[PDB]
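Remarks on the structure that follows.
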Amino acid sequence: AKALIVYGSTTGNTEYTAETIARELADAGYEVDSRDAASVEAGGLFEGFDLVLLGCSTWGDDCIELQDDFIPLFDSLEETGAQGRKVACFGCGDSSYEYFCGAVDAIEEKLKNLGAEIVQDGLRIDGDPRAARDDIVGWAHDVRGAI
Ligand SMILES: Cc1cc2nc3c(=O)[nH]c(=O)nc-3n(C[C@H](O)[C@H](O)[C@H](O)COP(=O)(O)O)c2cc1C
């Protein structure tokens, strides 16, 4: 099974999340290709992956903004080959803001509308992902099981 994890992370939290997930997946036998959103190109990006996991933290005060590096890919999601793709989303936020992890919701909804198959509800991490390591591993586990 080949997975692609693309993450947008400004202070490295969701990046830490992506790494924890990648390892969980790799320890399970998946081939895992992780990429920083800042570096990727959207066209055909999901092509050949059995599963795509998109990580993005949430910014904004009264307006949901996606982590800066992710925005270009977000805006080009229709160019990735997501139709029919098993995907799951994750991101770091903080529940004291108005839209907790609203970026996870935005990406998921876009995927859903592109016809991707959301295999698991989005992992929304409130606070430092390092304090939620267990939630991350159980989530990585549950997505492998939802495929
Ligand atoms: C000015 C500011 C605005 C933020 N806005 C939101 C928000 O609207 N919703 C949310 O859940 N988290 C919000 N966060 C929390 C960040 O998403 C959180 O710090 C996250 O750990 C950052 O992850 P990063 O390293 O991957 O990019 C905000 C943080 C800051 C400093």
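Following the order of the structure tokens, first chain is A, next is B, and so on, with residues numbered from 1 inside each chain and ligands from 1 in the order they appear.
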Practice problem: Could you pull out the residues sitting within 10 Å of ligand 1, using only C-alpha atoms and all ligand atoms, and write them as a ChimeraX atom specification? | Solution: /A:7-18,55-70,91-104,124-129
Self-check item: Non-local contacts of residue A:29 (12 Å; only C-alpha atoms; under 5 positions in same chain excluded) as a VMD selection string
Solution: chain A and resid 1 to 3 22 to 24 144
Self-check item: Residue list (strand (DSSP E or B), DSSP) for chain A, as a ChimeraX atom specification
Solution: /A:2-8,31-36,51-56,58-59,65-66,86-93,117-118,123-126
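You will find atom CA of residue A:113 at 12.5 Å from atom CA of residue A:87.
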Quiz item: To one decimal place, how far is atom CA of residue A:48 from atom CA of residue A:133 in Å?
Solution: 28.8 Å
Self-check item: Which of stretch 1-144 of chain A DSSP labels helix (DSSP H, G or I), written as an MDAnalysis selection string
Solution: chainID A and resid 13:27 37:39 71:75 77:79 102:113 129:131 133:144
Could you name the residues that touch stretch 74-77 of chain A at 9 Å or less, counting only C-alpha atoms, but leaving out those on the same chain fewer than 6 positions away, as a PDB file with N, CA, C and O atoms, in the first residue's frame?
```pdb
ATOM      1  N   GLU A  41       3.751  19.964  -6.013  1.00  0.00           N
ATOM      2  CA  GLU A  41       3.058  20.448  -7.173  1.00  0.00           C
ATOM      3  C   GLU A  41       1.788  19.656  -7.215  1.00  0.00           C
ATOM      4  O   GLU A  41       1.830  18.424  -7.151  1.00  0.00           O
ATOM      5  N   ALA A  42       0.674  20.355  -7.377  1.00  0.00           N
ATOM      6  CA  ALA A  42      -0.623  19.730  -7.350  1.00  0.00           C
ATOM      7  C   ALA A  42      -1.027  18.817  -8.457  1.00  0.00           C
ATOM      8  O   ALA A  42      -1.749  17.862  -8.239  1.00  0.00           O
ATOM      9  N   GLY A  43      -0.614  19.139  -9.679  1.00  0.00           N
ATOM     10  CA  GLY A  43      -1.060  18.332 -10.807  1.00  0.00           C
ATOM     11  C   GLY A  43      -0.722  16.853 -10.694  1.00  0.00           C
ATOM     12  O   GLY A  43       0.439  16.478 -10.645  1.00  0.00           O
ATOM     13  N   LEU A  66      -5.940  28.703   6.031  1.00  0.00           N
ATOM     14  CA  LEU A  66      -5.152  27.510   6.023  1.00  0.00           C
ATOM     15  C   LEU A  66      -3.713  27.961   6.137  1.00  0.00           C
ATOM     16  O   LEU A  66      -3.288  29.113   5.795  1.00  0.00           O
ATOM     17  N   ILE A 107     -10.491  21.370   4.035  1.00  0.00           N
ATOM     18  CA  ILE A 107      -9.853  20.393   3.129  1.00  0.00           C
ATOM     19  C   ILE A 107     -10.735  19.143   2.978  1.00  0.00           C
ATOM     20  O   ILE A 107     -10.944  18.583   1.889  1.00  0.00           O
ATOM     21  N   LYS A 110     -13.603  19.929   0.667  1.00  0.00           N
ATOM     22  CA  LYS A 110     -13.193  20.055  -0.706  1.00  0.00           C
ATOM     23  C   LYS A 110     -12.982  18.697  -1.263  1.00  0.00           C
ATOM     24  O   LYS A 110     -13.402  18.392  -2.429  1.00  0.00           O
ATOM     25  N   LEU A 111     -12.306  17.835  -0.489  1.00  0.00           N
ATOM     26  CA  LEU A 111     -12.087  16.461  -0.982  1.00  0.00           C
ATOM     27  C   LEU A 111     -13.394  15.707  -1.240  1.00  0.00           C
ATOM     28  O   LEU A 111     -13.582  15.008  -2.290  1.00  0.00           O
ATOM     29  N   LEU A 114     -14.765  16.731  -4.333  1.00  0.00           N
ATOM     30  CA  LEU A 114     -14.026  16.185  -5.492  1.00  0.00           C
ATOM     31  C   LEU A 114     -14.294  14.647  -5.613  1.00  0.00           C
ATOM     32  O   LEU A 114     -13.721  13.998  -6.442  1.00  0.00           O
TER      33      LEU A 114
END
```
Quiz item: When you draw a straight line from atom CA of residue A:137 to atom CA of residue A:112, how long is it in Å?
Solution: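 So the answer is 23.8 Å.
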Quiz prompt | Shell of 12 Å around residue A:52, only C-alpha atoms, local chain residues under 5 positions omitted, as a ChimeraX atom specification | solution = /A:1-7,18,21-22,25,30-35,45-47,80-90,108,111,116-120,140,143-144,147
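Residue nearest residue A:54, chosen from A:142, A:105, A:134, A:27 and counting only C-alpha atoms: A:105.
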Quiz item: Of the residues A:51, A:71, A:146, A:26, which is the one nearest to residue A:121, using only C-alpha atoms?
Solution: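 Result for the nearest residue to residue A:121: A:146.
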